[PDB]
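**Student:** Submitted below is the structure of interest, expressed as structure tokens.
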Amino acid sequence: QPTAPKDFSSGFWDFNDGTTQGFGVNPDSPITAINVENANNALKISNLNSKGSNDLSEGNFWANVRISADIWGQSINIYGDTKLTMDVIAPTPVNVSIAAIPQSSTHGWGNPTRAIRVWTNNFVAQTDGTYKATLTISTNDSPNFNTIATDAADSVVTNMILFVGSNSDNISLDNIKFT
Ligand SMILES: OC[C@H]1O[C@@H](O[C@H]2[C@H](O)[C@@H](O)[C@H](O[C@H]3[C@H](O)[C@@H](O)[C@H](O[C@H]4[C@H](O)[C@@H](O)[C@H](O)O[C@@H]4CO)O[C@@H]3CO)O[C@@H]2CO)[C@H](O)[C@@H](O)[C@@H]1O
Ligand SMILES: [Ca+2]
């Protein structure tokens, strides 16, 4: 049930248009019974723990669910960029593991070198009641990200795959952007 973006004028995924802005379970995901929807102007990913998408290690993110913006219909020039950052939102401080594989027309895949984790102690309470952590993926963590960001001949991200793991059946991603 992924839904195309209605407004991507910010140049990054802010999920403020009520859509999953192209995101949904990836065809090659080992896990599929994961819910991906828009809630509270964010990308809400439910049941990660119940479906075994809870690997929190650095190199076994292969066991986690893979999501991708297959019906995104947009793109982002990332030449010269060095980071992929996003806010992880949850009602209580949880643990979330994220590995990413940005894709371009000529650089379709690269095995992530490592997944980046934010642990409970990384979450800060928000006045809205929820807790939020800032997760950042460097080009050092994703070779395909480094390849695209350093390839002036083809530095346009046309899609992306995220490996998402958590010990919480309720987390949200928001403001996923390259900088
Ligand atoms: O073709 C246009 C279409 O492409 C979509 O992207 C595809 C990639 O093109 C495709 O290469 C990629 O395939 C992955 C596959 O999903 C992985 O599961 C698999 O992983 C391998 C790993 O590479 C090996 O090193 C390791 O030893 O084993 C694992 C599995 O055992 O690797 C292949 C790549 O070789 O899948 C993408 C989609 O999931 C774009 O997303 C889309 O936008 C384009 O339209
Ligand atoms: Ca938002």
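Identifiers in the structure tokens: chain A, B, ... in order shown; residue index from 1 per chain; ligand index from 1 in order shown.
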From a backbone DSSP assignment, name each residue in chain A labelled helix (DSSP H, G or I), as a list in words.
**Tutor:** residues 61, 62, 63, 120, 121, 122, 143, 144, 145, 146, 147, 148 and 149 of chain A
**Student:** Can you spit out the residues from that selection as an mmCIF file, in the first residue's frame, using C-alpha atoms?
**Tutor:**
```cif
data_model
loop_
_atom_site.group_PDB
_atom_site.id
_atom_site.type_symbol
_atom_site.label_atom_id
_atom_site.label_comp_id
_atom_site.auth_asym_id
_atom_site.auth_seq_id
_atom_site.Cartn_x
_atom_site.Cartn_y
_atom_site.Cartn_z
ATOM 1 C CA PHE A 61 21.180 -5.992 9.018
ATOM 2 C CA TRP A 62 20.609 -8.502 6.211
ATOM 3 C CA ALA A 63 18.019 -10.104 8.479
ATOM 4 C CA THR A 120 17.599 4.171 24.015
ATOM 5 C CA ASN A 121 20.155 6.566 25.514
ATOM 6 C CA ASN A 122 20.258 8.341 22.141
ATOM 7 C CA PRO A 143 29.656 2.032 -0.723
ATOM 8 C CA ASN A 144 26.898 2.679 -3.285
ATOM 9 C CA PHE A 145 26.189 5.955 -1.483
ATOM 10 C CA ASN A 146 29.876 6.858 -1.788
ATOM 11 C CA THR A 147 29.932 5.797 -5.445
ATOM 12 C CA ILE A 148 26.918 7.934 -6.414
ATOM 13 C CA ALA A 149 28.033 10.944 -4.313
#
```
**Student:** Kindly provide, as a PyMOL selection string, all nucleotide and amino acid residues lying within 8 Å of ligand 1, counting only C-alpha atoms and all ligand atoms.
**Tutor:** chain A and resi 26-29+68-70+103-105+108-111+158-161
**Student:** Could you save the residues just selected, with C-alpha atoms, as a CSV table (one decimal), in the first residue's frame?
**Tutor:**
```csv
chain,number,residue,atom,x,y,z
A,26,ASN,CA,11.1,-4.0,-1.0
A,27,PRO,CA,10.5,-7.1,-3.3
A,28,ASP,CA,13.7,-8.6,-2.1
A,29,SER,CA,13.0,-8.2,1.6
A,68,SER,CA,12.3,1.2,-0.9
A,69,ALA,CA,10.6,4.2,-2.6
A,70,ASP,CA,9.5,2.3,-5.7
A,103,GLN,CA,20.5,3.9,-6.0
A,104,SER,CA,21.2,5.8,-9.3
A,105,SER,CA,20.4,4.7,-12.9
A,108,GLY,CA,22.0,0.0,-8.7
A,109,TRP,CA,23.6,-1.8,-5.7
A,110,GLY,CA,26.3,-1.9,-3.1
A,111,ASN,CA,26.5,-4.0,0.0
A,158,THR,CA,16.5,7.7,-8.4
A,159,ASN,CA,15.6,5.4,-5.5
A,160,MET,CA,16.8,4.0,-2.2
A,161,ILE,CA,16.6,0.9,-0.1
```
**Student:** Residues of range 67-143 of chain A in strand (DSSP E) according to DSSP, as a ChimeraX atom specification?
**Tutor:** /A:67-68,76-77,83-90,96-103,116-118,124-125,131-138
**Student:** Counting only C-alpha atoms and all ligand atoms, name the residues that have an atom within 8 Å of an atom of ligand 2; the answer should be given as a VMD selection string.
**Tutor:** chain A and resid 13 to 16 40 to 43 174 to 175
**Student:** Write out as a Markdown table a residue-level contact list of range 58-111 of chain A versus range 50-53 of chain A with cut-off 12 Å: for each qualifying residue the closest pair of atoms and the distance in Å to one decimal, counting only C-alpha atoms, rows sorted by chain and residue number upward.
**Tutor:**
```
| residue | atom | partner | partner_atom | distance |
| --- | --- | --- | --- | --- |
| A:60 | CA | A:53 | CA | 10.9 |
| A:61 | CA | A:53 | CA | 8.8 |
| A:62 | CA | A:53 | CA | 9.5 |
| A:63 | CA | A:53 | CA | 6.6 |
| A:64 | CA | A:53 | CA | 4.4 |
| A:65 | CA | A:53 | CA | 5.6 |
| A:66 | CA | A:53 | CA | 9.3 |
| A:67 | CA | A:53 | CA | 11.7 |
| A:95 | CA | A:53 | CA | 11.9 |
| A:96 | CA | A:53 | CA | 10.2 |
| A:97 | CA | A:53 | CA | 9.7 |
| A:98 | CA | A:53 | CA | 11.2 |
```
**Student:** Can you write just those residues out, N, CA, C and O atoms, as a compact mmCIF listing (two decimals), in the first residue's frame?
**Tutor:**
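So the final result, stored in part.txt, reads:
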```
# COMPACT_ATOMS: atom_id res chain seq x y z
N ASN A 60 24.72 -7.63 10.50
CA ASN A 60 23.69 -8.62 10.18
C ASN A 60 22.34 -7.98 9.86
O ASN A 60 21.29 -8.60 10.02
N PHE A 61 22.39 -6.73 9.38
CA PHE A 61 21.18 -5.99 9.02
C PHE A 61 20.48 -6.71 7.88
O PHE A 61 19.36 -6.38 7.53
N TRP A 62 21.16 -7.71 7.31
CA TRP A 62 20.61 -8.50 6.21
C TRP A 62 19.34 -9.24 6.62
O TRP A 62 18.55 -9.66 5.77
N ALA A 63 19.17 -9.41 7.93
CA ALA A 63 18.02 -10.10 8.48
C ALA A 63 16.81 -9.19 8.61
O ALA A 63 15.69 -9.64 8.82
N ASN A 64 17.02 -7.89 8.46
CA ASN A 64 15.93 -6.95 8.61
C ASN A 64 15.14 -6.65 7.34
O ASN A 64 15.59 -6.90 6.22
N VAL A 65 13.94 -6.12 7.55
CA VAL A 65 13.05 -5.76 6.46
C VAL A 65 13.72 -4.69 5.59
O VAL A 65 14.45 -3.84 6.09
N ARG A 66 13.47 -4.75 4.29
CA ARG A 66 14.01 -3.76 3.36
C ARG A 66 12.83 -2.96 2.80
O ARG A 66 11.83 -3.53 2.36
N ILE A 67 12.92 -1.64 2.84
CA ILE A 67 11.86 -0.81 2.28
C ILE A 67 12.52 0.02 1.18
O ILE A 67 13.72 0.27 1.23
N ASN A 95 15.44 0.95 20.25
CA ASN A 95 16.67 0.69 19.54
C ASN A 95 16.27 0.44 18.10
O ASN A 95 15.38 -0.36 17.83
N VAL A 96 16.92 1.16 17.19
CA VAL A 96 16.64 1.05 15.78
C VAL A 96 17.94 0.91 15.00
O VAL A 96 18.92 1.61 15.28
N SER A 97 17.95 0.00 14.03
CA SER A 97 19.12 -0.21 13.19
C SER A 97 18.76 0.17 11.76
O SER A 97 17.73 -0.26 11.25
N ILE A 98 19.60 0.98 11.12
CA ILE A 98 19.34 1.39 9.75
C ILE A 98 20.58 1.31 8.87
O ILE A 98 21.65 1.80 9.24
```
**Student:** Write out as a list in words which residues come within 10 Å of residue 168 in chain A when counting only C-alpha atoms, dropping same-chain ones fewer than 3 positions away.
**Tutor:**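 The neighbour list is residues 45, 46, 47, 48, 49, 50, 53, 54, 90, 91, 92, 93, 94, 95, 96, 165 and 171 of chain A.
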**Student:** Which residue out of A:152, A:176, A:157, A:101 has the minimum interatomic distance to residue 139 in chain A when only C-alpha atoms are used?
**Tutor:** A:101
**Student:** Suppose you want the space between CA of residue 141 in chain A and CA of residue 33 in chain A; what is it in Å?
**Tutor:**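 Spanning CA of residue 141 in chain A to CA of residue 33 in chain A is a straight-line distance of 27.1 Å.
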